[PDB]
Amino acid sequence: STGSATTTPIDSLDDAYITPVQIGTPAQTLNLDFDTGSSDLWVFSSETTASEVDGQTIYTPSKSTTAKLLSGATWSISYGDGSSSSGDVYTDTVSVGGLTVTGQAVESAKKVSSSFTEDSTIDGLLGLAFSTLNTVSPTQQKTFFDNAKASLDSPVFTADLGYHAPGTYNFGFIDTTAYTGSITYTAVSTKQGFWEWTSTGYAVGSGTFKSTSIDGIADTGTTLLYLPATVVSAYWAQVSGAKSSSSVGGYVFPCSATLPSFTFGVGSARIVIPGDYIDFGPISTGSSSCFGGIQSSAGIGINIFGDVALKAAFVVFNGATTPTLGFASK
């Protein structure tokens, strides 16, 4: 089998991407944030504390003829940024882009943090990291991808995120018309449950490439590119007036600037992030200070190849017995 679904930015800054997902019978379509950095499929629901729901579409398991309470199971997740959600669990039929999984654990939120309440466009998350990170207790549950894997033509999914435009998530096949040149594959460590890999270095603008190992995760659920302070300082030093602001919470730059590109290495290949992709606009409405799309990972504990990096590439998440990641230009 295969599936193919369009993913759409939630706003004009590409702060996140939402993908329609069919849950239950008859189908209830919710727009979920596909997150390769986590492993829970959770949704706003008829069980979510009313005061914490603000415009989201909810899943109502009592209206699904295929929903079953997973008796005794609960879940609770805290994301690296400080957001959180928790609740109980149903199994139900879940379809993405024509690909159907029966018996998928659908984690119904009883509580969500304010960031989720405030994101009216995101009806939940669909985790695509390794199932070892799934938070359901006492019986850990599998991701949609893991459940689908044996049925898929090939044990892969691909992320093709757009810059200020829709893109695509494919399951079970590699669309050879969707990228230019060749796909370069690189080794993955699953030791922390993430799609963790090692970049071979970077360049700033037209500058020389610095060969250096940068271990990080491919995380579609993170907006920006978070890299070591050395690398980030070298980038922003090439933008007149750029500075790190502790009051704002990162690097800012004058909105009058033209940003250089940023290149990252994948083996002997190179992915170029255009300067425009690194512009996240005024820090507040009307400000002439703009927020940077490359930020320091110091304090996070891990480097994160978020949407800023991933949307410059066609990315293959290869879930074969020995997983790998593939990157191509597009």
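Residue numbers count from 1 along this sequence.
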Handout entry: Within one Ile-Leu-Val-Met-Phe-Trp-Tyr cluster: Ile183 and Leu310, side-chain cutoff 4.5 Å
Key = no

Handout entry: Polar side-chain atom of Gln192 near backbone of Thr190 as donor-acceptor pair, under 3.5 Å
Key = no

Exercise for the section: Verify the distance criterion only: is there a donor paired with an acceptor across the side chains of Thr117 and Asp54 at less than 3.5 Å? Expected result: no

Problem - Any donor-acceptor N/O pair, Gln140 side chain to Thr132 backbone, under 3.5 Å - result: yes

Handout entry: Result of checking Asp219, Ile217, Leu225 against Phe305 for side-chain contact (heavy atoms from CB on, under 4.5 Å)
Key = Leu225

Problem - Close side-chain approach of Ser288 and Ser256, heavy atoms under 4.5 Å - result: no

Exercise for the section: Starting at CD1 of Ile294, measure out to CD1 of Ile278 and round the result to the nearest 0.5 Å. Expected result: 3.5 Å

Problem - hydrophobic_cluster_shared for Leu152 and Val96, side chain cutoff 4.5 Å - result: yes

Completion exercise
Taken to the nearest 0.5 Å, the spacing of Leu259 CG from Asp276 CG works out to 7.5 Å

Practice task
Over 60° means perpendicular and under 30° means parallel, so classify the ring planes of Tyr251 and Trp236, tilted if in between.
Solution key: parallel

Practice task
Decide whether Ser62 and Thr60 meet the rule of one side-chain donor and one side-chain acceptor closer than 3.5 Å.
Solution key: no

Practice task
Indicate yes or no for a side-chain donor-acceptor contact from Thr223 to the backbone of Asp15 under 3.5 Å, with no hydrogens or angles considered.
Solution key: yes

Problem - Side-chain donor or acceptor of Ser131 paired with backbone N/O of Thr143 under 3.5 Å - result: yes

Exercise for the section: Measure the OG1-CH2 distance between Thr36 and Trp195 for me, rounded to the nearest 0.5 Å. Expected result: 8.5 Å

Practice task
Determine yes or no for a side-chain-to-main-chain donor-acceptor pair under 3.5 angstrom, with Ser1 supplying the side chain and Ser151 the backbone.
Solution key: yes

Fill in the blank from the handout: Rounded to the nearest 0.5 angstrom, the CG-CG distance for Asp88 and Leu70 is 9.5 Å

Handout entry: Partner of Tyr17 under side-chain contact (heavy atoms from CB on, under 4.5 Å), chosen from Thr6, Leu161, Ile10
Key = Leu161

Exercise for the section: Report the C-alpha separation of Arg270 and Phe264 in whole Å, then their side-chain angles, then the decisive distance to 0.1 Å, and conclude whether the side chain to side chain contact (heavy atoms under 4.5 Å, CB included) test is met. Expected result: CA-CA 6 Å; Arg270 308 288 182 252; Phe264 65 94; over 6 Å; no

Practice task
Determine whether the aromatic ring centres of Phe144 and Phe171 lie less than 6.0 Å apart.
Solution key: yes

Handout entry: With sequence neighbours excluded, residues passing salt bridge (charged side-chain N to carboxylate O under 4.0 Å, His left out) with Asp119
Key = none

Exercise for the section: May I ask you to check whether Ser86 and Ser76 show a side-chain donor-acceptor distance below 3.5 Å? Expected result: no

Practice task
Could you verify whether a donor N or O on one side chain and an acceptor N or O on the other, from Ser297 and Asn303, lie under 3.5 Å apart?
Solution key: yes

Problem - Backbone N/O of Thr180 and side chain of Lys330: donor-acceptor pair under 3.5 Å - result: no

Problem - Side-chain H-bond candidate by donor/acceptor type, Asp175 with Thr177, under 3.5 Å - result: yes

Exercise for the section: For the residue pair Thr324 and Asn318, confirm or rule out a side-chain donor-acceptor distance under 3.5 Å. Expected result: yes

Practice task
Say whether, by atom type as modelled, one donor and one acceptor occur between the side chain of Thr200 and the main chain of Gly267 under 3.5 angstrom.
Solution key: yes

Practice task
Could you walk me through whether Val316 and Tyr185 pass side chain to side chain contact (heavy atoms under 4.5 Å, CB included), step by step?
Solution key: CA-CA 8 Å; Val316 181; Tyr185 290 85; 3.9 Å; yes

Problem - Donor + acceptor pair across side chains of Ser113, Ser115 (<3.5 Å) - result: yes

Exercise for the section: Verify, without hydrogens or angle tests, whether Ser296 (side chain) and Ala298 (backbone) share a donor-acceptor contact under 3.5 angstrom. Expected result: yes

Exercise for the section: Would you please name every residue forming a salt bridge (charged side-chain N to carboxylate O under 4.0 Å, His left out) with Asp33, sequence neighbours left out? Expected result: none

Exercise for the section: Decide yes or no on side chain to side chain contact (heavy atoms under 4.5 Å, CB included) for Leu325 and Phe317, but give the supporting numbers first. Expected result: CA-CA 5 Å; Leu325 280 167; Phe317 293 79; 3.5 Å; yes

Problem - Geometric class of the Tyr179/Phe314 ring pair [parallel <30°, tilted 30-60°, perpendicular >60°] - result: tilted

Exercise for the section: State whether a side-chain donor-acceptor pair under 3.5 Å links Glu107 with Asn134. Expected result: yes

Completion exercise
Given the options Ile122, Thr57, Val112, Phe44 meets side-chain contact (heavy atoms from CB on, under 4.5 Å) only with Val112

Handout entry: Whether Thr48 side chain and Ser45 backbone form a donor-acceptor pair below 3.5 Å
Key = yes

Handout entry: Straight-line distance of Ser84 OG to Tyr79 OH, nearest 0.5 Å
Key = 9.0 Å

Completion exercise
Here the gap from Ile302 atom CD1 to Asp215 atom CG, rounded to the nearest 0.5 Å, amounts to 6.0 Å

Exercise for the section: Consider only side-chain N and O atoms of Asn170 and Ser4, and report whether a donor and an acceptor are under 3.5 Å apart. Expected result: yes

Handout entry: Centroid separation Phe327 to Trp197 less than 6.0 Å
Key = yes

Problem - Whether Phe34 and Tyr169 hold their rings parallel, tilted or perpendicular, with breakpoints at 30° and 60° - result: tilted

Which atom pairs, donor and acceptor, lie under 3.5 Å between side-chain atoms of residues 202-213 and protein residues at least two apart or in another chain?
none

Problem - Backbone N/O of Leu13 and side chain of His164: donor-acceptor pair under 3.5 Å - result: no

Practice task
Return yes if a side-chain donor-acceptor contact under 3.5 Å exists between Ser64 and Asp92, otherwise no.
Solution key: yes

Problem - Aromatic plane relationship, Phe262 with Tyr235 - under 30° parallel, 30 to 60° tilted, over 60° perpendicular - result: perpendicular

Handout entry: Side-chain donor-acceptor contact under 3.5 Å, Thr135 with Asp40
Key = yes

